[PDB]
Amino acid sequence: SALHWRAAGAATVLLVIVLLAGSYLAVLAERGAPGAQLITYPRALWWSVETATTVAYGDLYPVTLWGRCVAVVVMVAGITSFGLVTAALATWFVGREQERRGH
Amino acid sequence: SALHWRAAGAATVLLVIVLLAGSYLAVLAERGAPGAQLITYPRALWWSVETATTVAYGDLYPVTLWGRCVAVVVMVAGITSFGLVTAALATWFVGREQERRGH
Amino acid sequence: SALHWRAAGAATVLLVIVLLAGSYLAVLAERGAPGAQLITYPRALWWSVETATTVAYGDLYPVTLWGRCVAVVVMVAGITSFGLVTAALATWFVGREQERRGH
Amino acid sequence: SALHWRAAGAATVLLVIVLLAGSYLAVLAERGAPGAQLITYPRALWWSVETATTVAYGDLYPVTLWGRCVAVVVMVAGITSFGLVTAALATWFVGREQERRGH
Amino acid sequence: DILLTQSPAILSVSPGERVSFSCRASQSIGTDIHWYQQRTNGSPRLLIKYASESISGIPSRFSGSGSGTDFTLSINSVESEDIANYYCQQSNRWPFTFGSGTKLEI
Amino acid sequence: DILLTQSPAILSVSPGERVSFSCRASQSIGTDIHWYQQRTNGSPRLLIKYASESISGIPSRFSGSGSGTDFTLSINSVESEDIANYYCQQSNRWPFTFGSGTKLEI
Ligand SMILES: CCCCCCCCCCCCCC(=O)O[C@@H](CO)COC(=O)CCCCCCCC
Ligand SMILES: CCCCCCCCCCCCCC(=O)O[C@@H](CO)COC(=O)CCCCCCCC
Ligand SMILES: CCCCCCCCCCCCCC(=O)O[C@@H](CO)COC(=O)CCCCCCCC
Ligand SMILES: CCCCCCCCCCCCCC(=O)O[C@@H](CO)COC(=O)CCCCCCCC
Ligand SMILES: CCCCCCCCCO
Ligand SMILES: CCCCCCCCCO
Ligand SMILES: CCCCCCCCCO
Ligand SMILES: CCCCCCCCCO
Ligand SMILES: [K+]
Ligand SMILES: [K+]
Ligand SMILES: [K+]
Ligand SMILES: [K+]
């Protein structure tokens, strides 16, 4: 199959994996910090989605060093996955336009 | 017409549809949850725009499971629509530069 | 000049114009709404930058219909301008790689 | 090496530099403003990452003019670096698809 | 749930005088307060929406003010037809709640 | 609307002593408070802007402090020309509001 679509699918499954692992590790890192809110796995998964999409409502965020490192990993994974989807769309469009120009 | 522009327009109308449906479904999912704020359709439409653009001020957000699922749909729709617009712009630029190079 | 760079510069100046006009119009739309915070031009310019970059800290946001319409215009202008910069970078890279492949 | 990958690496190291310098300068600009929260270097680095990714939780933000100018620099650096990574991915995909089409 | 406190419960005013009912929310609710009038043996009647917005058919005599936690319903020059109970209601958070009501006496 | 409480309403001070007027906001307003002086038969006069920023032409004797809900206007070594009413004003939320004022007595 075309490399851009395979990479898009791989990035999707990798982002799902990163969301689950980030929820687990965020709860692990935040429990023990007085005042921490990112301490139950359901809302941790919600927060991981918020973080990967950059749609950060501000209802939840890490307060510890390791929670914030987990957050950075989730941020970069989400941003690069969505950018890879954009790149795959651009490649598809470029190929289609080349063909439409008979080249 | 060129595929990238047609896809951009289709993504625009689909994003409008997703915004309206997401406002409706967010109000439907959030009413009944004590403390929920995403419970009237006008500010729900405002929130849906916030969510699709990733400009999430934090004035409104879902607190229920189904409200957050609706939110994820809105997030992905908005991000992919704007990325598709970016991809179409890139295709236009690439074709123009190919022509400017006489190739 | 190459179309992508000219379009990038034009989008930059247009985004500056949109930021200034959005600050002015946001103050105009928000004054008169009890509780509104987006009511002085300096912090309105700060908010317009926040909105165009999607880095919405949540310190300021519109509460009126017309303030939120202004906000949507600023959001779309910023997102499309930065996406256009991305598209121009992609076109530059594609041309450079074509040349590096001797094609 | 291919220009897009070299530019991606250069943008990565430049973004790290901008994050560190922005943390330092944000603390420098915000201390002396009553009520400012962006006043210690660790959480300033966390805030700089938040700002460069546009994942702005709202736990920290500048309140002074120069802190907000630093913030704008960090915003633009992060957005353009991630967009450059997207552009490099698109160039890689386009070259791979050209080769897969035997052209 | 948001508590809406209407105190005092009874307001006594001379004819033609300005009067002000108070509604205080247990937390900040922006401008999401609405004011209703209920006369004897009648159903409630929307007077003001979103703290200050006028309703078609309501005399210009009625106005509303406030934001956050403190809200005021004002009647300039009271007259006999205003004798009624007045309720505030919030729509900022689920569930919607009502104030306990203030009676207007002349 | 934001309530600005200025208490006490009258401040009595000996000549040359430091004095401090208090302004308390009903909610947190950052540093968006401004201080004005009004002498007898005069118009208000901006003394301090944004809680602590000096105004050109105002004696260095005047200063301001505070953030959030509690703000202070200070006069080091009071003199007769300071006898006036002093008002605080907030610009954090619409509408702008004024404190009730504190009179300076010597
Ligand atoms: C003069 C140069 C200034 C530029 C930045 C200063 C560097 C400070 C080191 C930052 C981490 C160590 C702070 C510390 O001792 O950890 C705890 C602080 O008490 C809490 O950790 C934290 O607050 C979270 C760490 C931030 C994680 C996100 C960083 C992305 C790589
Ligand atoms: C050890 C692995 C941990 C990794 C994540 C843990 C999985 C937990 C399941 C998450 C949903 C079920 C939680 C539940 O019982 O629903 C309610 C919780 O009481 C409220 O729903 C919620 O809080 C909203 C659900 C989040 C929606 C966004 C998710 C995007 C796919
Ligand atoms: C069943 C379908 C539901 C889907 C959405 C419902 C449509 C509601 C119309 C929305 C505007 C009118 C509301 C109104 O009467 O204006 C004021 C509301 O009192 C305040 O305006 C507002 O709250 C701001 C309007 C939102 C602006 C952003 C929208 C982007 C196009
Ligand atoms: C009618 C046209 C209106 C359009 C905008 C109005 C222009 C106002 C000038 C803005 C800066 C000067 C304000 C001032 O005097 O600095 C301080 C304000 O008291 C605090 O600085 C600030 O609040 C931060 C400045 C914002 C930085 C982000 C801007 C991105 C370029
Ligand atoms: C990068 C993720 C590291 C895993 C976090 C472990 C949490 C332990 C904190 O004490
Ligand atoms: C994916 C959208 C599902 C629709 C939400 C229905 C709300 C029902 C919650 O009880
Ligand atoms: C699209 C921008 C419209 C200008 C806003 C005018 C504000 C008037 C609100 O009463
Ligand atoms: C663009 C960065 C300028 C450096 C900020 C210096 C802070 C001094 C504020 O008084
Ligand atoms: K917030
Ligand atoms: K983006
Ligand atoms: K945000
Ligand atoms: K964002």
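Atoms considered below: every heavy atom in the structure, side chains included; atoms not considered: hydrogens, waters and symmetry mates. Note that ligands are numbered from 1 as they come in the structure, with each ligand's atoms numbered from 1 the same way. By convention in this document, chain letters (A, B, ...) are assigned in the order of the sequence lines, proteins followed by strands, and residues within each chain are numbered from 1.
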Short question: side chain of A/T53, backbone of A/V55 - any donor-acceptor pair under 3.5 Å? yes
Mutual orientation of the aromatic rings belonging to F/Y50 and F/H34 [parallel < 30°, tilted 30-60°, perpendicular > 60°]
perpendicular
shortest atom 6 (C) of ligand 8-to-protein heavy-atom contact is with D/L28 CD2, 4.0 Å
Geometric class of the C/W46/C/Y57 ring pair [parallel <30°, tilted 30-60°, perpendicular >60°]
parallel
**Prompt:** Are the side chain of F/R61 and the backbone of F/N76 linked by a donor-acceptor contact shorter than 3.5 Å?
**Reply:** no
Plane angle bin for C/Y24 and C/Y41 - parallel if under 30°, tilted between 30 and 60°, otherwise perpendicular = parallel
So the angle subtended at the K ion (ligand 12) by A/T54 atom OG1 and D/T54 atom O, rounded to 10 degrees, is 100°
for atom 10 (O) of ligand 8, nearest protein heavy atom and its distance come out as D/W66 CD1, 4.5 Å
Mind running salt bridge (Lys or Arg N to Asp or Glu O under 4.0 Å) on C/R43 and F/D32 for me, showing each step along the way? CA-CA 12 Å; C/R43 66 194 53 188; F/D32 301 324; 2.7 Å; yes
| Of all the atoms in C/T53, is at least one N, O or S atom closer to the K ion (ligand 12) than 3.4 Å? | no
Does the protein place a non-hydrogen atom closer than 4.0 angstrom to atom 8 (C) of ligand 5? no
query: Heavy-atom distance from atom 2 (C) of ligand 8 to the protein below 4.0 Å?
result: yes
Per-atom filter on ligand 8: closer than 4.0 angstrom to a heavy atom of D/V70 are 2 (C)
When distances are taken from atom 4 (C) of ligand 5, the protein heavy atom at minimum range is A/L25 CD2, 4.0 Å
